[PDB]
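Visitor: Here you go, one structure.
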Amino acid sequence: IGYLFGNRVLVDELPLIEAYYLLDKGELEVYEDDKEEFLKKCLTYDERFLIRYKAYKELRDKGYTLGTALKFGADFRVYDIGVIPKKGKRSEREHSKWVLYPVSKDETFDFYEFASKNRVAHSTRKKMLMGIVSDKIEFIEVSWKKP
Amino acid sequence: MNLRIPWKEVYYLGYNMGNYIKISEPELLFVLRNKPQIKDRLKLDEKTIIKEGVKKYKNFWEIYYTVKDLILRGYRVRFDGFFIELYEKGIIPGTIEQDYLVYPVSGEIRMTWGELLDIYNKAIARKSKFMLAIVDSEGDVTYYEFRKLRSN
């Protein structure tokens with residue numbers, strides 16, 4: 001039901017991460033002209049795709065809803081379980097409730113990077129959400145104490 | 001180091017061993033700088049303690065600055081060799097469990113994410129809340145509390 005065109009999949013356009021989720025779940029078929037095929041293309045575009053996807057799939061399966069947080073410089077914003085992106089005139093905290101940084105367990109960072117990640121979360125009145133990825137995935141919520 | 005001095009007179013830093021206080025170099029630097037009477041009383045040198053401290057801990061200035069920040073805010077603390085134990089305002093160390101275990105770092109320190117989680121898991125194994133303390137080049141400190149996410 002989908003057509004791959006550059007870094008979007010057109011259905012009825014979707015980012016590659018959302019199209020991969022549905023293909024992996026079984027409610028989407030893709031096609032270049034006319035799966036390891038689509039993943040290879042996704043990784044060509046985004047080297048961190050698997051890192052981002054593993055975290056993304058994890059939370060969306062658990063009932064969380066994710067949207068882009070690029071305007072803030074983060075990978076995803078994350079609404080709590082029982083959701084509801086839209087709500088009314090808001091206002092369940094508005095892009096609400098965690099800024100998510102999918103990250104590899106073997107990736108290095110300095111604490112300038114750490115402080116930066118928390119500062120942008122703080123600037124949106126959210127809660128920095130760090131999701132370490134390896135064989136397993138662990139989600140760490142960081143709060144700015146004062147102190 | 002082992003000082004034969006009343007515990008209250010070293011800001012309740014270190015461990016009261018009964019007959020003496022067992023106190024680390026970064027904690028002692030704070031007491032020497034803010035209670036200079038102790039220098040002549042107990043015969044200790046500021047520069048010497050820095051020297052012994054920076055070869056013992058890596059890490060030393062960040063412990064010092066974090067200890068200093070927390071005592072000057074009205075808390076009671078002690079360095080356990082790895083974490084700073086942080087106690088709520090009013091209470092003396094060892095009376096009850098600490099509120100937080102805090103790990104002090106500088107900005108320049110480079111670490112793996114799995115290694116940061118190990119440090120956090122170490123505080124969890126101690127059944128305690130964890131707080132990261134990042135100390136800048138002016139010695140000012142910012143604190144970040146960690147929690148695992150799960151409803152479930």
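Each chain in the structure tokens gets a letter, A, B, ..., in the order shown, and its residues are numbered from 1; ligands are numbered from 1 in order too.
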Would you kindly report the residues of chain B within 6 Å of chain A, using only C-alpha atoms, as a list in words?

Guide: residues 107, 108, 109, 110, 111, 112, 113, 114, 143, 144, 145, 146, 147, 148 and 149 of chain B

Visitor: Would you mind writing down, as number ranges by chain, each residue of chain B that DSSP on the backbone assigns to helix (DSSP H, G or I)?

Guide: B: 7-10, 25-34, 37-42, 46-56, 60-72, 113-125

Visitor: In chain B, what's strand (DSSP E) per DSSP? Answer as a PyMOL selection string?

Guide: chain B and resi 2-3+15-16+21-22+76-79+84-87+100-106+110-112+129-135+141-148

Visitor: Nearest to residue A:48: which of A:116, A:2, A:93, A:75 is it, counting only C-alpha atoms?

Guide: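 Among the listed residues, A:75 lies closest to residue A:48.
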
Visitor: Using only C-alpha atoms, which residue out of B:10, B:58, B:120, B:18 lies closest to residue B:37?

Guide: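 Under the stated criterion, the closest residue is B:10.
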
Visitor: Hey, can you check how far atom CA of residue B:32 sits from atom CA of residue B:62?

Guide: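 A separation of 16.9 Å between them.
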
Visitor: Write out as a compact mmCIF listing (two decimals) with N, CA and C atoms, in the first residue's frame each polymer residue whose atoms come within 10 Å of residue B:71, counting only C-alpha atoms; drop sequence neighbours fewer than 3 positions from it.

Guide:
```txt
# COMPACT_ATOMS: atom_id res chain seq x y z
N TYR B 11 32.53 19.53 60.16
CA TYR B 11 31.26 19.66 59.42
C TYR B 11 30.52 18.33 59.25
N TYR B 12 30.81 17.39 60.15
CA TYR B 12 30.34 16.00 60.06
C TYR B 12 30.68 15.33 58.73
N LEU B 13 31.77 15.76 58.10
CA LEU B 13 32.32 15.08 56.93
C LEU B 13 33.04 13.82 57.36
N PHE B 30 38.07 21.27 52.13
CA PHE B 30 36.97 22.16 52.49
C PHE B 30 37.08 22.65 53.93
N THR B 66 31.77 19.69 44.79
CA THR B 66 30.42 19.17 45.09
C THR B 66 30.17 19.12 46.60
N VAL B 67 31.14 18.61 47.37
CA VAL B 67 31.09 18.66 48.83
C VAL B 67 30.85 20.10 49.31
N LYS B 68 31.62 21.03 48.74
CA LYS B 68 31.58 22.43 49.12
C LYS B 68 30.21 23.05 48.84
N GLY B 74 23.56 24.05 53.14
CA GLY B 74 22.96 23.68 54.42
C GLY B 74 22.71 22.19 54.60
N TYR B 75 23.23 21.38 53.68
CA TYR B 75 23.12 19.93 53.79
C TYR B 75 24.30 19.34 54.57
N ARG B 76 24.19 18.05 54.88
CA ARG B 76 25.30 17.29 55.46
C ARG B 76 25.69 16.18 54.48
N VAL B 77 26.98 16.02 54.23
CA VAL B 77 27.45 15.02 53.26
C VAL B 77 28.65 14.21 53.74
N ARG B 78 28.92 13.10 53.05
CA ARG B 78 30.22 12.46 53.16
C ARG B 78 30.58 11.68 51.91
N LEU B 86 24.39 12.12 50.23
CA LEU B 86 23.72 13.37 50.54
C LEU B 86 22.55 13.14 51.50
N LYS B 89 18.38 18.20 54.98
CA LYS B 89 18.75 19.30 55.88
C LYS B 89 18.39 19.00 57.32
```

Visitor: Tell me which protein, DNA and RNA residues are within 6 Å of residue B:103, counting only C-alpha atoms, leaving out same-chain ones fewer than 5 positions away, and put them as a list in words.

Guide: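 In the requested form, the answer reads residues 83, 132 and 133 of chain B.
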